[PDB]
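Whatever order the structure lists them in is the order used to number ligands and atoms, beginning at 1. One is the number of the first residue; the rest follow in order along the sequence.
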Amino acid sequence: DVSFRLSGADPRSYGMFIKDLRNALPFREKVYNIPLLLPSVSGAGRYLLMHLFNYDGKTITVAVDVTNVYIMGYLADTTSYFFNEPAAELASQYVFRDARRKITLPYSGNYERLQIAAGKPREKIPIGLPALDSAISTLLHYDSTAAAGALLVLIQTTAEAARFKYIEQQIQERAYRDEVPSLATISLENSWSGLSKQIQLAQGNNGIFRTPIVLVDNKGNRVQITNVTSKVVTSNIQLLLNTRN
Ligand SMILES: *[C@@H]1O[C@H](CO)[C@@H](O)[C@H](O)[C@H]1NC(C)=O
Ligand SMILES: Nc1ncnc2[nH]cnc12
């Protein structure tokens with residue numbers, strides 16, 4: 001399991017938590033020195049438990065699929081909550097079994113459905129460590145509309161920060177003041193699968209992407225990524241989604 005406490009958190013402690021979340025995910029090999037997530041994990045071992053504590057010390061436990069860093073559901077006190085989708089229904093066979101009841105949220109866990117339920121796109125929702133405190137608070141007691149926005153904050157401050165060093169650094173900048181995500185943050189979040197695929201294909205193509213990937217950089221400009229010497233490959237991406245998924 002991994003844990004993070006908002007009480008006493010600072011950029012260093014968050015950075016160390018994200019390093020620890022990455023290290024909790026299994027891999028058999030690295031590609032261009034980036035861990036390659038596994039194609040598949042059978043049964044309960046597929047799920048990592050992430051214990052999150054708000055400023056006031058109240059907690060939720062979040063279930064994360066270790067093959068794709070996808071948040072499936074969470075436990076708050078005696079109630080489990082799962083996204084309305086088959087992978088999350090499967091997870092509910094393995095995690096939080098001792099909850100007194102299980103609620104299926106009235107949306108899947110993809111960005112498209114969460115943004116419709118929240119009534120706002122990611123671009124308009126401030127993120128940061130205060131926002132994560134608020135999100136844990138919101139998720140402690142059921143509210144499906146408020147929960148959708150809380151889950152967008154939770155996903156971006158945990159899973160997306162694990163996937164990209166840049167996004168970790170953006171949340172560190174927001175340790176004490178929330179701010180809507182940068183243009184590059186949205187671009188990277190949207191591109192993880194594509195980048196993963198191209199970096200794995202590059203291993204048999206002399207480091208060259210078979211299909212260049214368009215990103216927004218840290219200055220807000222559009223750039224074309226063509227090969228593994230790009231800083232997005234050498235410094236930024238931290239985990240690769242296996243091409244088998
Ligand atoms: C490979 O990527 C590097 C770093 O972004 C870039 O400078 C270079 O132009 C790329 N090479 C080709 C042939 O696209
Ligand atoms: N539920 C989720 N978990 C992790 N990353 C996601 N990206 C969009 N939805 C996600």
Open item on the list: As a quick check of understanding, evaluate salt bridge (charged side-chain N to carboxylate O under 4.0 Å, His left out) for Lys219 and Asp217, giving each step before the final call.
Closed with: CA-CA 5 Å; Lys219 296 175 182 153; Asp217 74 4; over 6 Å; no
Task: Test item, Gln156 contacting ligand 2 (heavy atom, 4.0 angstrom) - done: no
Open item on the list: Does the plane of the ring in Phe83 sit parallel, tilted or perpendicular to the ring in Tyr107? Use 30° and 60° as the thresholds.
Closed with: tilted
TODO: Determine if the distance from atom 11 (N) of ligand 1 to the closest protein heavy atom is below 4.0 Å.
DONE: yes
Task: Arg122 to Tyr111 six-membered ring, cation-pi geometry met (6.0 Å, 45°) - done: yes
Task: Top protein contact for atom 6 (C) of ligand 2, by heavy-atom distance - done: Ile155 CG2, 3.5 Å
TODO: Show which atoms of ligand 2 fall inside a sub-4.0 Å distance from at least one heavy-atom site of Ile71.
DONE: 1 (N), 2 (C), 3 (N), 4 (C)
- [ ] Go through ligand 1 atom by atom and flag the ones less than 4.0 Å from a non-hydrogen atom of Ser230.
- [x] 4 (C), 5 (O)
TODO: Give the residue and atom name of whichever protein heavy atom lies nearest to atom 10 (C) of ligand 2, and the separation in Å to one decimal.
DONE: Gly109 O, 3.5 Å
Open item on the list: Please determine whether a side-chain nitrogen of the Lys or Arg among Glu160 and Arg163 lies less than 4.0 Å from a carboxylate oxygen of the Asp or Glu.
Closed with: yes
- [ ] Determine, counting only non-hydrogen atoms of the protein, whether one lies under 4.0 angstrom from atom 14 (O) of ligand 1.
- [x] yes
Task: Nearest non-hydrogen protein atom, atom 5 (N) of ligand 2 - done: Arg163 NH1, 3.0 Å
TODO: Please state which part of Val69 comes within less than 4.0 Å of ligand 2, counting heavy atoms only: side chain, backbone, both or neither.
DONE: backbone
Open item on the list: For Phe82 and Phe96, take the angle between the two ring planes, folded into 0 to 90°, and tell me which bin it lands in: parallel under 30, tilted 30 to 60, perpendicular over 60.
Closed with: tilted
Task: Heavy-atom nearest option to atom 4 (C) of ligand 1, drawn from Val233, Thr226, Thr229 - done: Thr229
